[PDB]
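Single-letter residue listing:
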Amino acid sequence: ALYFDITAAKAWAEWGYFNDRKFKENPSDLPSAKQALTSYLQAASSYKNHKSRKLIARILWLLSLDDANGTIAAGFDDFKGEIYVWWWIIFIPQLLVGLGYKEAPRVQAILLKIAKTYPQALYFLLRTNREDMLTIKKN
Amino acid sequence: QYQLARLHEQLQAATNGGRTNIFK
Amino acid sequence: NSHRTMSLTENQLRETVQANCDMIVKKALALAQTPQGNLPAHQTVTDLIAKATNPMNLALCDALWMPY
Amino acid sequence: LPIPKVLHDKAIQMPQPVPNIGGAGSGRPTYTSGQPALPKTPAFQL
Amino acid sequence: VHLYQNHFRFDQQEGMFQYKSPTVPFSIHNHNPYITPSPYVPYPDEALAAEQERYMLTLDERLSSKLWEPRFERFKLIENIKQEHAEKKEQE
Amino acid sequence: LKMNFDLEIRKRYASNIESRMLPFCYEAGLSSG
Amino acid sequence: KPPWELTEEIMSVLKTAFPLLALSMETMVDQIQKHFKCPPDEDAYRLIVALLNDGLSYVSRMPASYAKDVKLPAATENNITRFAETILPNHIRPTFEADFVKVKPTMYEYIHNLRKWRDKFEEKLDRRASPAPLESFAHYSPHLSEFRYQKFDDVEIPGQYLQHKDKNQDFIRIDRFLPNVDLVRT
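Below or above, wherever it landed, is the structure these notes cover. Here the residues of each chain are numbered from 1 in the order the sequence is written, which can differ from the numbering of the entry; residues without coordinates are not included. Just so you know, chain letters begin at A and ligand numbers begin at 1, following the order they were written in. Consider the displayed chains a part of a larger assembly; each reported value belongs to this part rather than to the entire assembly. Just so you know, side-chain values use all the structure's heavy atoms and leave hydrogens and water out.

## A short note on the packing of aromatic side chains
Here is the rule: rings of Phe, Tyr and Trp (six-membered ring for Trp) pair when centre to centre is within 6.5 Å. Planes less than 30 degrees apart are stacked, more than 60 are edge-to-face, and the remainder are tilted. Scanning the entire structure with this criterion turns up 20 aromatic pairs over all chains. Centroid distance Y3(A) to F4(A): 6.2 Å. Interplanar angle 85 degrees. Geometry classified as edge-to-face. Burial classes: relative accessible area under 20% of the type maximum marks a residue as buried, over 50% as exposed, and values in between as partly exposed (1.4 Å probe, protein chains only). With relative accessibility at 78%, the residue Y3(A) sits in the exposed group. Summarising the aromatic geometry, the rings of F147(G) and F177(G) are spaced 5.3 Å apart at their centres and angled 90 degrees between planes, so their arrangement reads as edge-to-face. Of this pair, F147(G) sits in the loop between β1 (132-133) and β2 (180-181) while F177(G) is found in the loop between β1 and β2, placing the two residues 30 residues apart along the sequence. On the accessibility criterion, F147(G) (11% relative accessible area) is buried. Owing to a relative accessible area of 27%, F177(G) belongs among the partly exposed residues under this scheme. Two thresholds decide whether a charge sits over a ring: the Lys NZ or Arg CZ must be within 6 Å of the ring centre and within 35 degrees of the ring normal. The ring of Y13(F) carries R12(F) above its face, with NZ or CZ at 5.1 Å from the centroid. Sitting above the plane of the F24(F) ring, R12(F) keeps its charged end 4.9 Å from the centroid. Helix and strand labels come from DSSP, where a helix needs a run of H or I of at least four residues and a strand needs a run of E of at least two; each type is numbered from the N terminus.

Okay, here's the thing in structure tokens:
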């Protein structure tokens, strides 16, 4: 079906969910998780129709289950296309929290993309986070 | 006449118009 | 907060998250079920309302809660 | 769509009391609706 | 034939025949295990009265006139219609 | 499509003159009543 | 690297683009932060209420301490003396000291005096002139006198990016701050 499709996000979504279930049943098949992440990215890029938020949530959940080598966090390198960072705006607090948990580069790329397009969606939260970190680290 | 008509109506209602046997 | 992780284990986080989500989903699924026999549709809600309105267990609440 | 001037006579008469028609019955405490502009008052004696 | 207080029926009869034939009812504070309890109750000469009741039942179509022997004719009619329709469908 | 004229005549066996009139009218054939 | 370095990098990228908008937002936040903090009376009321609630909770958890012979256990004397010392204006400190810092009160008298003080502060806060001019919350009224005339870019009304929408082309922009402010006691 994916061999015949042109702009079918449903095929990508079903393949990603299949791989996610396969990874869930056996918690040692990292390649399945990587394929699921790549498929979710493809489907989200194809949709652009408010159904990408669930895929983004699944991607964020998958990213936090990675290993030291970062095997799962490679679908970004294996994926070609644009991101459409508008649909990531609702998840800014999660990205801010995660930029200090094992996956800082991947969330920092998205945050940098957002900073250049929607500054008013990020200014206040970024300022509060900066003050909090400054107080905590070097009180 | 009126009593007979009322009794016939009541019996027909009770027996479901002859489809049911209540006397067995 | 516990200051007791010392492991940062992915498996432990996975298991705990799954268990807590399952508990919440069980609580939510109990409310949407319908009875088997000839009982009214939202009988579980009625049972919970009786439990919540019982004065026997309303009297065991805190004073700052103001059960009255 | 069309809006004639004046309006014809039958459409501008004052409502008159009307009886209950339909064959279903009246006074049934069920969830049926049917309603005329001006129903006629039932008879009573106090 | 079985005899009761105000009705009787034959042994193999699913209805009843009347002898005249050819708590706190209606209170919203009652309780039963299928409804919620009410907060207004604890947890689970005659001519004047008749005149007052008559005055209070003014314009009440069905109750004022009364101030009752069901026969289930519509139910039986629906059963007959459904059976006839099923029988007709069986042929085709 | 039609009118069940036999359901209204039976009410004769159920002001008073008005009540008895309509079954007679339907039985004869006076649809107007 | 440390999280704060990444945060600073993001902030620098955000500032290099949209400098005037960033300046306007920063100035607005600074003014709100500077001129909208509680006066001392409200601080005293808040702390009195907190102490009274803590005392009631303690008495509830461990009954038999409500008698007229239990001498304020749980080492709350430290909290009481610290509050009397470093969290009060000079105008009311002597009275609070004479009422609490002394060893006189038991739990009964402790709660009695706390209730009296709470009543006094509630009555005082309730009789203020609630509608206050906005120009009074500054030395040259940055929010009132000059927001529309000393901003270098348009600013949206905050909180519109938390909603589930598909574009921001129809977001509301700030036009003005109303000149009257309400005082509200919870």
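Continuing now.
## Focus on the interface of chain A and chain C
Counting residues at the interface gives 6 residues for chain A, matched by 4 residues for chain C. The buried area of a pairing is the accessible area, by a 1.4 Å probe, that goes missing from both parts when the two are put together, added over both. Together chain A and chain C conceal approximately 540 Å² of surface at their shared face, both sides included; 60% is due to carbon and sulfur atoms. Together, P27(A), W61(A) and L65(A) form the three largest contributors to the area buried by chain A at its contact with chain C, with a combined 60%. Just to be clear on terms, a salt bridge is a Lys or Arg side-chain nitrogen sitting within 4 Å of an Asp or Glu carboxyl oxygen. Where chain A meets chain C, there are 0 salt bridges. Whenever two N or O atoms come within 3.5 Å, that pair is a polar contact, provided that in protein one can donate a hydrogen and the other can accept it, and provided that, for residues adjacent in sequence, both atoms are side-chain atoms. Our count for the chain A to chain C interface comes out at 0 residue pairs in polar contact. Amino acids are sorted into nonpolar (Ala, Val, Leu, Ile, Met, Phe, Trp, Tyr, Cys and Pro), charged (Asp, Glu, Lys and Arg) and polar (every other residue, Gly among them). For the side of chain A that touches chain C, the per-class residue count stands at 4 nonpolar, no polar and 2 charged. Contacts are residue-level and defined by heavy atoms, with any inter-residue pair within 4.5 Å sufficient.

## Description of the packing of helix α7 (residues 123-137) of chain A against helix α1 (residues 3-16) of chain G
In this analysis, axes come from line fits to C-alpha atoms, helices being fitted only over the stretch in contact, and the angle between any two N-to-C directions falls in the range 0 to 180 degrees. Where α7(A) contacts α1(G), the axes come no closer than 10 Å and their chain directions differ by 150 degrees. The interaxial crossing formed by α7(A) with α1(G) has left-handed handedness. Each of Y123(A), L126(A), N129(A), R130(A), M133(A) and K137(A) in α7(A) lies in contact with α1(G), whose residues at this interface are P3(G), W4(G), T7(G), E8(G), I10(G), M11(G) and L14(G). Residues of the contact of α7(A) with α1(G), tallied by class, amount to 8 nonpolar, 2 polar and 3 charged. By definition, turning the near helix anticlockwise from the far helix through less than a right angle yields a left-handed crossing, and turning it clockwise yields a right-handed one.

## Regarding the packing of helix α2 (residues 30-47) of chain A against helix α3 (residues 52-63) of chain A
Residue and element names in this part refer to chain A. Remark: α2 packs on α3, axes separated minimally by 9 Å, with the N-to-C direction vectors making an angle of 155 degrees. Taken together, α2 and α3 sit at an angle that is classed as roughly antiparallel. Both α2 and α3 take part in a crossing whose hand is left-handed. When α2 is examined against α3, the residues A33, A36, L37, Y40, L41, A43, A44 and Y47 are found in contact with a partner set consisting of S52, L55, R58, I59, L62 and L63. Each residue belonging to the contact of α2 with α3 can be placed in one class, and the counts come to 12 nonpolar, 1 polar and 1 charged. Note that the term roughly parallel is reserved for angles under 35 degrees, roughly antiparallel for angles over 145, roughly perpendicular for angles of 65 to 115, and oblique for everything else.

Such coordinate-based values are descriptive only and should not be taken to indicate function.
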